[PDB]
Structures are given as C-alpha cells and as structure tokens.
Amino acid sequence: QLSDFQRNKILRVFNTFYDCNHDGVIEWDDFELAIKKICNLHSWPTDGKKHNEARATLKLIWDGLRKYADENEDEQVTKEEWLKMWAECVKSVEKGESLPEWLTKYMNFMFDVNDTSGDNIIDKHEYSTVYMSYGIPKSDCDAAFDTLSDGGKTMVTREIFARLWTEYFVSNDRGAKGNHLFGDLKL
C-alpha cells in the first residue's frame, strides 16, 4: 500500500487542489469551479478562447479520472475511491508504467496556468500567484520555489515541472525536490 508519507501527499492534493467546493468529494462541479477561479485569477473572459480550451481539457481529465476511480458509477469520486486508484497508479509507475493520461493532461494544464508569461518557465511570482489562490502561504510558496529551482540554478520548464510532478505523487523519499511542488512541506 501507500506509506503514510505517500497517502498524506495524495490526500492534500485531493482536499486542497481537486475539491474546489470543499464538500469532501470530487465531481464535475469541482472542475466548473476550478475554471471560474482561474478565470478570476488571470482575468480570462467567459466563453473566450482560454476559457473554452480549459473547459474542453478539464472534461477530458474528469472523464479519465471518473473511468479510473469511480467504482460505483455515481459520478462522484470519494477519498476512498481516490486512494484505491492511487495505490494502483503508484505500483503501476513502480513497474515501469506511465501515470494515467488524465493526470498528465492535468499536469500540463497546471503548468500552463502557472506560466502566464508563456516563456516556458515558471518564475517565483507566477508560482506564488497560482499556489496562493489555493491557500498556500507566500513563505511556503517561496521556500518550495527555492527548492524546485535549486535557488535559481534550474529553470522550471514544462519538462522540469513534469518530472517534479511525478515525484510528488509517487516518491517515498522525504528528500525528493518534487515533494514541494504544491507548497513547502515541513519534513
């Protein structure tokens, strides 16, 4: 099974990042709210291009996640269904396999949502602008970002972000840089 460390990293992403309306389950409703929060954050127009593409990509993510995790087909994913699914993805990745396509889509969507300047690099102000809207404090965004970029030695490109992403969800190493991808963790 998942270690405490892995389980707790996985539950945080559930509670802090996927369950937008904080009712304790993930549903299409949570994706609709995520889109409005991003529109408000970055001032995107409703039914404009950015808005429409985000909606189309989020449907595909929700569809993948529902197919993977929604055991009882009630169109809602509970924390139990999430962890049940995650325990398999982690073993799966450990046996040389990919992470699910919906999860890779969500990783690329988030990189895009961070990199507002479109230069293929997340900078520290862009990183804190997104993560703060999820309730991550400024000091924990800056500490995470110092770790993720090696104190500015490493440019946090799409590919670097991708590798750090996989590390967050699957690593049981308390030293892995990707542990901090969603805000500084005290370990």
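Start at 1 with the first residue shown and count on from there.
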Looking at the entry, does 157-165 or 66-74 show the higher mean C-alpha B-factor?
-> 66-74
Mean Cα B-factor comparison, 116-124 or 51-59, giving the higher one as deposited | 51-59
CA B-factor ranking of residue 106, expressed as a third of its chain = middle
Which third of the chain does residue 185 land in by C-alpha B-factor: lowest, middle or highest?
-> middle
Can you tell me which third, lowest, middle or highest, the CA B-factor of residue 10 falls into for its chain?
-> lowest
Going by the recorded CA B-factors, say which third of the chain residue 46 sits in, lowest, middle or highest.
-> highest
Would you check the entry's CA temperature factor for residue 179 and let me know if it's in the chain's lowest, middle or highest third?
-> lowest
